[PDB]
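By convention in this document, chain letters (A, B, ...) are assigned in the order of the sequence lines, proteins followed by strands, and residues within each chain are numbered from 1.
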Amino acid sequence: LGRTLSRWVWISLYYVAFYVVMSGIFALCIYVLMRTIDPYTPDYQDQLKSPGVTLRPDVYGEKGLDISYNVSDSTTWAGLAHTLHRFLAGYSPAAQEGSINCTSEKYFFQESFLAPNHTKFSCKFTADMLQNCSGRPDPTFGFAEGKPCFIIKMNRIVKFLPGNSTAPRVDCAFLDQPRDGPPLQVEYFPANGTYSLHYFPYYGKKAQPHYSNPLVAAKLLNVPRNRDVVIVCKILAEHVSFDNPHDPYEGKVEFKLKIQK
Amino acid sequence: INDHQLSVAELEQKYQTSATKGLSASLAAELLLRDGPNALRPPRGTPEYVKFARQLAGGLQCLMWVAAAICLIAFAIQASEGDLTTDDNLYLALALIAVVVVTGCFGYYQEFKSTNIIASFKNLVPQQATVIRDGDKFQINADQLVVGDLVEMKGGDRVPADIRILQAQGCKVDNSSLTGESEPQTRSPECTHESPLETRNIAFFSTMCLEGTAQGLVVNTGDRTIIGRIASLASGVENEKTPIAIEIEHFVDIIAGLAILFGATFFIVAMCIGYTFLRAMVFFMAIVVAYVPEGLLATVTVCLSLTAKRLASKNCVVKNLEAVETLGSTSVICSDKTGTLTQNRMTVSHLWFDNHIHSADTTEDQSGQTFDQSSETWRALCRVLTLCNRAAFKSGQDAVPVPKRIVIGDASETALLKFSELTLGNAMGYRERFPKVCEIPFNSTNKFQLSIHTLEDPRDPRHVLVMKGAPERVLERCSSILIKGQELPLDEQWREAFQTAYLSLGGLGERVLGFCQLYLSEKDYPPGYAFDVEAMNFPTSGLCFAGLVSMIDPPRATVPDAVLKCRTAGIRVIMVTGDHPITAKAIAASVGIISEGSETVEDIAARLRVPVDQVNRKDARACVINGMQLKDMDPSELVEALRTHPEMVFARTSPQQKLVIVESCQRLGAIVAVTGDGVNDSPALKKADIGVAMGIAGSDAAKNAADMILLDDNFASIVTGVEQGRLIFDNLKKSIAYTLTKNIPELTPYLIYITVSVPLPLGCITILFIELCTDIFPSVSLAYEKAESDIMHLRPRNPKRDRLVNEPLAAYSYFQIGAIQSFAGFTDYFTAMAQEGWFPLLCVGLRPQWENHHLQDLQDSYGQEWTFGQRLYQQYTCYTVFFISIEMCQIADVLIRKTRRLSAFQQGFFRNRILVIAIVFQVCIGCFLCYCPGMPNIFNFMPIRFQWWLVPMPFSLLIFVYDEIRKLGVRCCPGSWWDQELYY
Ligand SMILES: CCCCCCCC/C=C\CCCCCCCC(=O)OC[C@H](COP(=O)(O)OCC[N+](C)(C)C)OC(=O)CCCCCCC/C=C/CCCCCCCC
Ligand SMILES: Cc1nc(Nc2ccc(F)cc2)nc(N2CCc3ccccc3[C@H]2C)c1C
Ligand SMILES: *[C@@H]1O[C@H](CO)[C@@H](O)[C@H](O)[C@H]1NC(C)=O
Ligand SMILES: *[C@@H]1O[C@H](CO)[C@@H](O)[C@H](O)[C@H]1NC(C)=O
Ligand SMILES: *[C@@H]1O[C@H](CO)[C@@H](O)[C@H](O)[C@H]1NC(C)=O
Ligand SMILES: [Mg+2]
Ligand code: NA
């Protein structure tokens with residue numbers, strides 16, 4: 001074309017060499033980056049200043065969480081029941097063999113790796129601690145009687161301490177109309193709906209490969225039928241904050257519920 | 001042509017008018033109704049909104065308009081699928097539109113201000129005229145003139161119509177505007193020439209009766225006038241595109257081609273990966289838009305405005321921004337003579353006395369070399385021309401410079417009086433003291449002026465007789481002559497020397513005027529006795545000759561050096577004039593258009609005494625072409641003659657012939673600049689690539705047709721203009737490279753995001769902040785860089801081979817510096833991701849989970865679970881860190897763009913203070929955008945850690961070192977492969 005074959009091949013070789021040198025420099029920089037970071041603890045936890053809160057079962061409707069079902073038709077809650085069984089399958093004794101019994105009732109600190117394969121101990125959580133809402137003897141998880149059970153899970157953060165004063169608690173209540181009507185009554189599993197203090201801190205996937213999040217199941221007992229309600233469940237702890245407009249899931253979870261009759 | 005040739009009798013029956021009675025009043029009224037007003041029709045079809053629309057149109061403007069349209073269509077497609085986060089399409093579209101609109105407003109403001117500055121010189125005149133009707137002479141308006149009206153003319157009139165003179169007595173008019181003749185020309189009924197211009201029995205519209213009275217008939221009115229036909233021819237001329245616009249169009253073509261290539265290849269990639277066809281089309285449009293810079297147009301306009309301001313500091317007013325570069329690329333300068341290269345005023349040029357030709361100073365500021373003035377012969381001659389002159393100065397001027405000072409009288413009288421006031425100090429008061437007992441003015445019989453004066457000394461009242469006239473008539477009246485301050489008899493040798501001097505001084509086009517004096521003793525004439533003019537008691541012969549004084553319209557003071565500098569800059573200078581070839585050749589020799597030792601074919605024939613048939617044309621370097629010879633020629637011969645003769649002067653050229661010369665020069669493939677001051681230059685001025693009009697001496701048509709105007713009438717401003725043009729070319733290409741290099745860093749993250757599906761590294765708002773805010777100032781400050789080489793020695797750039805942006809520049813900027821900046825930004829992005837918990841391998845393919853609003857517990861490399869909002873804040877951190885990487889690399893990029901060939905150590909790191917201020921400003925704006933409260937909410941910027949500021953610094957140093965080594969290798973081996981391929 002505009003250049004002879006020799007000129008084109010010379011410039012092509014020059015560009016290939018230039019790009020190879022740049023690629024090598026980039027690879028060396030990424031290798032040096034990977035060599036400096038710690039494999040156990042994050043260096044600069046910055047956006048993890050407060051754990052998020054998630055709910056099971058999670059159906060997100062149009063924008064946010066929106067659970068609705070027909071009490072007369074079992075097919076409506078069949079999917080939610082399947083979701084609950086699938087989630088609680090992970091918290092089964094067969095899946096908790098690696099972990100060990102844990103009744104320290106305080107911060108289960110670990111400065112050394114005294115577990116098999118140079119890991120740390122993880123305190124076990126089994127579904128039976130949820131008792132009524134564990135799936136036995138009620139596979140419907142309370143959905144059949146219009147008394148749904150919702151599992152509240154707090155996101156794990158490495159070496160995050162909720163507070164020594166009291167084990168972190170969960171509090172569910174109406175948001176749109178708290179004063180109107182009777183207040184929302186909720187039964188918690190385990191007792192008082194507290195996350196036991198020996199599940200903290202989290203030491204990371206490498207240190208605790210069998211770590212299991214503690215669970216609290218909240219059962220709603222007085223929910224008006226055929227009426228749309230909004231329920232907010234917050235985490236009461238000293239170091240957990242839920243005042244963040246730009247992240248609605250930080251320290252709390254809000255969801256619409258509509259139990260059609 | 002039949003207007004002048006026809007005699008009185010047939011004109012009477014042709015125009016139904018009487019040579020004495022005049023046109024009938026009813027006939028005059030009906031003819032006025034039929035033909036229309038005498039005033040030339042002024043075009044006024046230039047609305048303001050049309051000019052604004054033109055300022056909104058152009059290569060980069062059309063590219064940006066199409067980019068905005070593409071953004072809107074892509075947003076429509078995305079809305080068809082109901083997609084999210086489409087507001088960036090509008091952000092980009094309105095950004096492009098706002099940039100285009102603000103730039104157009106700035107350019108319109110510049111043009112409007114320049115037009116207002118130029119318009120101060122306009123001045124309407126009612127232009128009353130004297131006409132005979134019904135036998136009663138009276139006055140009417142200029143437009144009221146109708147064809148055939150019998151009209152009178154007197155000194156100081158503007159000649160409100162084209163008029164064939166039927167009676168004239170010593171009428172002299174100036175045609176320096178319509179024609180190129182500086183010398184006043186006589187109007188007499190006698191006619192012999194075919195050309196209406198040269199014909200002596202016809203007057204012209206835009207002229208002035210310098211002296212005399214006359215009366216004649218009206219032959220043409222309105223737009224049928226010579227000035228009217230010239231204006232119509234100028235209107236027929238169509239302007240072409242400026243060289244900088246052509247360069248911009250070529251650059252836009254390069255941008256569009258590269259954008260289409262990249263978009264098509266990555267659209268095929270999107271097919272191969274598995275994206276939906278509509279998604280791949282949207283990606284295509286995104287890449288095409290990403291290759292379109294929006295802040296480039298603003299920087300180009302600002303650089304143009306800065307250069308225009310520098311020029312306006314030197315009284316160079318450009319009517320448009322694009323004209324400030326044209327002179328830099330000019331290869332041919334076609335120059336008008338009378339009024340452009342010359343002062344258009346007759347002045348004393350040479351003095352032959354004592355068998356010696358002395359040269360006087362002709363600069364308007366009197367800054368030239370003077371002649372010897374310590375001779376009593378000079379004192380005698382000074383008294384002779386002082387007492388002979390009868391011109392008088394205008395009152396109220398004592399601080400006004402003498403050459404510019406107003407004088408009343410003949411042009412020769414004005415020049416003589418000015419020369420006296422320059423040599424003497426108070427010749428105006430000197431003339432009053434000597435009584436004029438006998439004064440004889442110029443007569444058709446005598447052909448001289450005579451004056452008898454009484455001496456100032458009371459002891460010596462001896463009468464002094466002083467005479468001024470034509471040399472061929474003066475010499476026969478003389479017997480003795482002043483030589484070496486003594487009275488010497490006339491021999492054959494003195495007459496031979498007189499003839500040789502007269503012929504030589506006439507061969508330069510200068511009118512030669514002879515002066516003589518005699519002493520009348522009181523024995524012959526008593527003091528109380530009064531001399532009588534009609535008695536002719538004077539000897540009137542046997543006079544004592546003093547010397548010869550030759551006068552010519554001189555070049556302006558700064559013209560010769562400016563012409564020489566332009567010639568050393570490789571620009572060939574052609575002189576085109578409507579004047580006689582003798583005067584044109586003398587002026588060309590004076591101003592350096594014809595170099596010393598360069599002789600024409602006539603000169604060679606005179607030297608060898610050989611007819612021109614055997615004379616070899618190639619031996620002659622200079623060439624003078626008459627208008628008739630040009631008309632006999634044909635375009636092939638004209639092109640061959642242009643190529644053959646390096647130095648060429650055109651004399652006796654009509655406006656159409658000047659237009660044809662400009663057309664031929666342009667068609668040969670050269671950028672032509674035309675300098676002019678008169679209406680006869682307006683067609684060529686409009687046809688030229690750049691037209692430069694004289695400000696003080698220019699006419700309305702010349703100023704309107706011209707792109708540039710010299711307010712101080714300094715011809716030396718042209719060399720400043722060409723220097724600034726070449727400098728703005730170099731600095732503009734530097735700035736374009738600087739602006740272009742950052743396109744690839746902004747686009748590569750989008751390619752990586754689409755293909756590999758990492759979380760988005762860069763957002764659109766950050767890209768807008770980079771393009772529109774941070775990097776406008778450094779690229780503009782790049783326009784203050786000094787020249788690396790000497791601008792004047794270089795040849796004019798080849799318009800075809802030398803482009804503003806070529807493939808080497810684009811390749812280097814896009815795919816070496818841009819590649820390094822992309823690598824720096826990605827290194828810093830991966831550092832930020834890993835230090836927060838996301839290892840590089842986890843980032844690959846993480847986009848679908850990262851952007852899923854239903855996933856509020858996504859796990860990082862450490863197993864920590866993130867909500868959507870926290871991941872979005874990490875994304876904003878990535879935006880900020882990649883933006884900082886680009887800015888840090890651009891700091892070194894502007895430093896490397898400082899010079900194309902010279903080392904940064906060879907030039908100064910800090911000599912461009914504006915560049916240092918720009919870098920400081922960029923750093924400050926980046927720091928403010930990062931660490932300002934509430935920033936993450938409005939603009940997706942996050943307060944980052946100092947460690948991420950340092951990660952891109954090694955890449956900045958790498959850019960600097962690589963560019964320095966490249967420039968050193970280019971300097972070391974000027975003709976090698978490295979220079980050929982790696983130099984831009
Ligand atoms: C025209 C020619 C264009 C050429 C473009 C490509 C240039 C070269 C770039 C990539 C090609 C090679 C791919 C890998 C690059 C990095 C190499 C590297 O060393 O990686 C290391 C990591 C793995 O970690 P490890 O095994 O060391 O850890 C060991 C410790 N343990 C096991 C405990 C974790 O692998 C990784 O992360 C891989 C991460 C890859 C991320 C996707 C690519 C992002 C790159 C963007 C640069 C774009 C530049 C565009 C130039 C301008 C074009 C106009
Ligand atoms: C996140 C995102 N989104 C879009 N959307 C889009 C835009 C136009 C279009 F025709 C179709 C889709 N464009 C993006 N870039 C790609 C990167 C880039 C670099 C410089 C200038 C503009 C852009 C826009 C063009 C980005 C980074
Ligand atoms: C929910 O489904 C049952 C199943 O038949 C139906 O009877 C009931 O009306 C539904 N609820 C509402 C509010 O329509
Ligand atoms: C762990 O749990 C029970 C109850 O604390 C304890 O007594 C026993 O040792 C363990 N049982 C199993 C099945 O691991
Ligand atoms: C939970 O189950 C126990 C039986 O183990 C029963 O006594 C109790 O009432 C149940 N509580 C709820 C809230 O269902
Ligand atoms: Mg002129
Ligand atoms: Na023009």
Side-chain angles (χ1 to χ4, degrees), chain B residues 347-362 366 368-389 412-413 415-427 430-431 433-434 448-457 460 462-506 508 510-521 539 541-552:
Chain B
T347 188
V348 175
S349 66
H350 283 105
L351 306 86
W352 181 76
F353 60 91
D354 290 351
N355 213 50
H356 199 294
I357 294 167
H358 284 284
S359 69
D361 191 8
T362 62
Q366 295 298 109
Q369 179 67 42
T370 187
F371 71 109
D372 291 331
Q373 299 184 15
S374 74
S375 170
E376 69 275 16
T377 292
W378 174 63
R379 187 184 311 104
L381 193 146
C382 200
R383 198 190 300 273
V384 175
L385 74 164
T386 302
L387 275 299
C388 281
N389 174 265
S412 81
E413 299 294 331
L416 290 187
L417 183 62
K418 286 187 173 176
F419 178 53
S420 292
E421 294 293 329
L422 289 168
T423 60
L424 292 178
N426 200 357
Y430 187 74
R431 281 190 280 111
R433 299 206 265 91
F434 278 56
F448 66 83
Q449 272 188 350
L450 192 145
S451 297
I452 298 288
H453 299 285
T454 317
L455 290 175
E456 183 190 349
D457 214 22
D460 192 22
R462 271 190 317 169
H463 307 106
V464 65
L465 190 151
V466 288
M467 293 177 70
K468 168 179 73 175
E472 64 90 16
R473 190 70 171 81
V474 167
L475 173 76
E476 76 187 7
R477 294 199 93 100
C478 289
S479 71
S480 64
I481 182 169
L482 270 300
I483 306 188
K484 197 65 169 64
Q486 294 89 21
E487 204 176 10
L488 278 73
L490 275 171
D491 54 38
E492 192 60 44
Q493 198 274 330
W494 296 133
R495 272 78 178 274
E496 176 64 40
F498 192 74
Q499 207 71 19
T500 55
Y502 175 67
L503 268 294
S504 66
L505 270 66
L508 314 174
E510 322 164 320
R511 277 178 71 95
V512 192
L513 183 63
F515 302 82
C516 70
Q517 66 173 352
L518 192 61
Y519 273 83
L520 314 180
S521 61
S541 188
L543 301 171
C544 204
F545 191 66
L548 290 172
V549 171
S550 70
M551 294 182 286
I552 193 66

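The salt bridge (charged side-chain N to carboxylate O under 4.0 Å, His left out) contacts involving residues 471-487 of chain B comprise B:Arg473-B:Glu476, where partners must be two or more places apart or lie in separate chains.
Shown here for B:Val384 and B:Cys516, the closest heavy-atom pair between the two residues is CG1-O, 3.9 Å.
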| said: Assess the residue pair B:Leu455 and B:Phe434 against the criterion (side-chain contact (heavy atoms from CB on, under 4.5 Å)); give the C-alpha distance rounded to whole Å, side-chain angles, the decisive distance to 0.1 Å, and a yes or no. | reply: CA-CA 6 Å; B:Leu455 290 175; B:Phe434 278 56; 4.0 Å; yes
| query | After noting the C-alpha distance and the side-chain angles of B:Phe498 and B:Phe545, does the key distance pass the ring pair (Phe, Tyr, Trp, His ring centres under 6.0 Å) rule? | reply | CA-CA 11 Å; B:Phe498 192 74; B:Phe545 191 66; 5.1 Å; yes
| said: Determine whether B:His453 and B:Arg433 satisfy the following criterion, side-chain contact (heavy atoms from CB on, under 4.5 Å), listing intermediate values before the conclusion. | reply: CA-CA 9 Å; B:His453 299 285; B:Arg433 299 206 265 91; over 6 Å; no
| Checking side-chain contact (heavy atoms from CB on, under 4.5 Å) for the pair B:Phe515/B:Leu548: CA distance, chi angles, key distance, verdict? | CA-CA 6 Å; B:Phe515 302 82; B:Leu548 290 172; over 6 Å; no
| message | Would B:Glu510 and B:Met551 count as a side-chain contact (heavy atoms from CB on, under 4.5 Å) here? Give the steps. | response | CA-CA 5 Å; B:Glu510 322 164 320; B:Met551 294 182 286; 5.9 Å; no
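The distance from the SG atom of B:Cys388 to the CZ atom of B:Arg383 is 12.5 Å, given to the nearest 0.5 Å. The distance from atom OG1 of B:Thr362 to atom NE2 of B:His350, rounded to the nearest 0.5 Å, is 9.0 Å. Taken from CD in B:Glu376 to CG in B:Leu381, the straight-line distance is 12.5 Å, to the nearest 0.5 Å. Annotation: the span from B:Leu543 atom CG to B:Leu450 atom CG amounts to 8.5 Å, rounded to 0.5 Å. Here OG of B:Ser349 is found 6.5 Å from CD1 of B:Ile552. Values are rounded to the nearest 0.5 Å. With values rounded to the nearest 0.5 angstrom, B:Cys544 atom SG is found 13.0 Å from B:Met467 atom CE.
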Got a list of side-chain donor-acceptor pairs under 3.5 Å for residues 418-427 of chain B, not counting sequence neighbours?
residue	atom	partner	partner atom	Å
B:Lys418	NZ	B:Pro403	O	2.4
B:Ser420	OG	B:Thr386	OG1	3.4
B:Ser420	OG	B:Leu416	O	3.2
B:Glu421	OE2	B:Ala427	N	3.0
B:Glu421	OE2	B:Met428	N	2.7
B:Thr423	OG1	B:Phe419	O	3.1
B:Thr423	OG1	B:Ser420	O	3.1
B:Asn426	OD1	B:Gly429	N	3.3

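Side-chain N or O atoms of B:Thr377 include one that pairs as donor or acceptor with a backbone N or O of B:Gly485 at under 3.5 Å. At distances below 3.5 Å, not a single donor-acceptor pair connects side-chain atoms of B:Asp354 with backbone N or O atoms of B:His356. Within the 3.5 Å criterion, the main-chain N or O of B:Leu488 finds no donor-acceptor partner in the side chain of B:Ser480. No donor-acceptor pair under 3.5 Å is formed between the side chain of B:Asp361 and the backbone N or O of B:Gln369.
Atom CD of B:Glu492 is surrounded by 12 or fewer heavy atoms from other residues, nucleotides or ligands within 6.0 Å. Remark: B:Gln373 CD is packed, more than 12 non-hydrogen atoms of other residues, nucleotides or ligands lying under 6.0 Å away.
At a threshold of 4.5 Å between non-hydrogen side-chain atoms, the residues B:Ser504 and B:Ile357 count as touching. Side-chain contact between B:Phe371 and B:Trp378 is present, with heavy atoms from C-beta onward closer than 4.5 Å. Between B:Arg495 and B:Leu490 the shortest side-chain heavy-atom distance falls below 4.5 Å. Residues B:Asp491 and B:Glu496 have side chains not in contact (no heavy-atom distance under 4.5 Å, counting atoms from C-beta outward).
Of the residues listed (B:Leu465, B:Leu518, B:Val466), the one engaging B:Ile452 in a side-chain contact (heavy atoms from CB on, under 4.5 Å) is B:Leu465, and it is the only one.
For B:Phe353 and B:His358, the ring centers are positioned less than 6.0 Å apart.
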